[PDB]
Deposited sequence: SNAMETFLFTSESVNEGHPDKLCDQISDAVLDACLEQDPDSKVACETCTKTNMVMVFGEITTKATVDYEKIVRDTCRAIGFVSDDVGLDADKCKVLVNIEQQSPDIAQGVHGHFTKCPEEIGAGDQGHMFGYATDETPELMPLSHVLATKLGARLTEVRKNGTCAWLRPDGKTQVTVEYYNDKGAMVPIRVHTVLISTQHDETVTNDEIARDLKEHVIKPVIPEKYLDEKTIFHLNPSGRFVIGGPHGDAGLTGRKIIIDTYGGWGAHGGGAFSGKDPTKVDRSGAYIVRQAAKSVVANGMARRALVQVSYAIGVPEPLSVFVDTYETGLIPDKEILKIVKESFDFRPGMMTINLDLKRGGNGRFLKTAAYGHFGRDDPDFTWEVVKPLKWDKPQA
């Protein structure tokens, strides 16, 4: 059997770019909870002992930006200089242009709202996992989630918030369909405290993190482990290392699989086609596979600023479709509503008070079962033949 190697990575919630994604989305959730019609373009950056929130917000909400920044950093575990940021003592620069909505006298609907911007977005799904995501991505991501879980529940209390994971999967190509064979290489680089030796780190990473996440059927005697390969990782997060919102867009999506149109997600209100557009084409691709029309699917949509209808749509099944891609294109366009005002309503994205977007801003926007992830709910599609 001829195989190939495909790699995906992940970063932990304490990675300084991901910290900025989560702060940007916590700000957005706090605006939506009071004012579902908030317009939010909230950018975060960070460096040693500093966070700055900036960009533009129109809302009726009353939001304590500084407090959201501090609460988000503290819940991640950034509780002191030693761990890489003191939530309680660090400089927080509040640099948002805040506006209340327009006040007007006399003088449209969701169907006719133009896109807020131009751009293009891709959706992907594959039958290789139950969540219809690529294995390389799913295992990298779940190793990062697991690190956060065993730190916080005290099973590995030596851990610190920052770190990175990476998984190389050996695949077979069955006529366009991706058949994962085995895990070829596992890389973990995790922040940690000064108590723990290199040998305790390696042992706890194998037993408490790798073994519970990666199915035994994919691991064998030839799988390569790199555990903290560059030595000690005591200093982390923003300390000596700048973060920005929107710098982990491939970890937020498909790990190198499918495609990306370039738009970041976090800190954007869900009327923005970069977010609502990407979410609906995930639901489309996922619904193409789950209904049995194909084993894999890629969908692109594109927009013009001020135009409601998409400029272009396309479907690619990598020759796995059981009916022609032109027909799947027709069924996608018939079943899904790509108009920006309608996508936000149909995926119920403005509904407040469940920390929905803060949930998406670590460990991926796709492949999760959480009921706030409305784009992960398969639409039944009619097809035949």
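Return the ranges of the deposited sequence not covered by C-alpha coordinates, sorted by sequence position. Those parts of the chain that were deposited but carry no coordinates are 1-3, 111-115, 394-396.
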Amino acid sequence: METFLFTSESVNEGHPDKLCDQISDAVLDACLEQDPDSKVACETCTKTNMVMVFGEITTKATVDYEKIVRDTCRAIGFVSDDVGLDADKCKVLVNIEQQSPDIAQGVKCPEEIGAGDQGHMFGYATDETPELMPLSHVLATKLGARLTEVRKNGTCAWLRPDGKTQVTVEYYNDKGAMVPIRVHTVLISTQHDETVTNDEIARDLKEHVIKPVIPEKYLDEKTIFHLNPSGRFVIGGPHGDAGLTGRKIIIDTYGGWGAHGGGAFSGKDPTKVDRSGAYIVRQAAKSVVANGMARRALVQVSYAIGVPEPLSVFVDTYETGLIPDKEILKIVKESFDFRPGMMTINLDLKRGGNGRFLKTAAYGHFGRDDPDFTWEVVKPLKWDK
From here on, numbers count along this sequence of modelled residues.
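Do the CA atoms of 57-65 or those of 324-332 have the higher mean B-factor in the entry? Stretch with the greater average CA B-factor: 324-332.
Which has the higher mean CA temperature factor in the PDB entry, 260-268 or 196-204? Averaging CA B-factors over each stretch, the winner is 196-204.
Looking at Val289, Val315, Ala278, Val138, which has the biggest Cα B factor in the entry? When the deposited C-alpha B-factors of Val289, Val315, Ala278, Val138 are compared, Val315 is largest.
Of the residues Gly243, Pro161, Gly240, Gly119, the one carrying the largest Cα B-factor as recorded: Of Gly243, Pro161, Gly240, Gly119, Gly240 has the highest C-alpha B-factor.
Which third of the chain holds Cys31 when residues are ordered by C-alpha B factor: lowest, middle or highest? Tercile = lowest for this residue's CA B-factor.
Can you work out whether the C-alpha temperature factor of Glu43 puts it in the lowest, middle or highest third of the chain? CA B-factor rank for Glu43: lowest third.
Should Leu358 be placed in the lowest, middle or highest third of its chain by the C-alpha B factor in the entry? Answer is lowest: the recorded C-alpha B-factor places it there.
Taking the chain's C-alpha temperature factors as the reference, tell me which third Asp174 falls into: lowest, middle or highest. Its C-alpha B-factor, which the entry lists for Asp174, ranks in the highest third among residues of this chain.
Sort the modelled residues of this chain by their C-alpha B factor and say whether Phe78 lands in the lowest, middle or highest third. Tercile = middle for this residue's CA B-factor.
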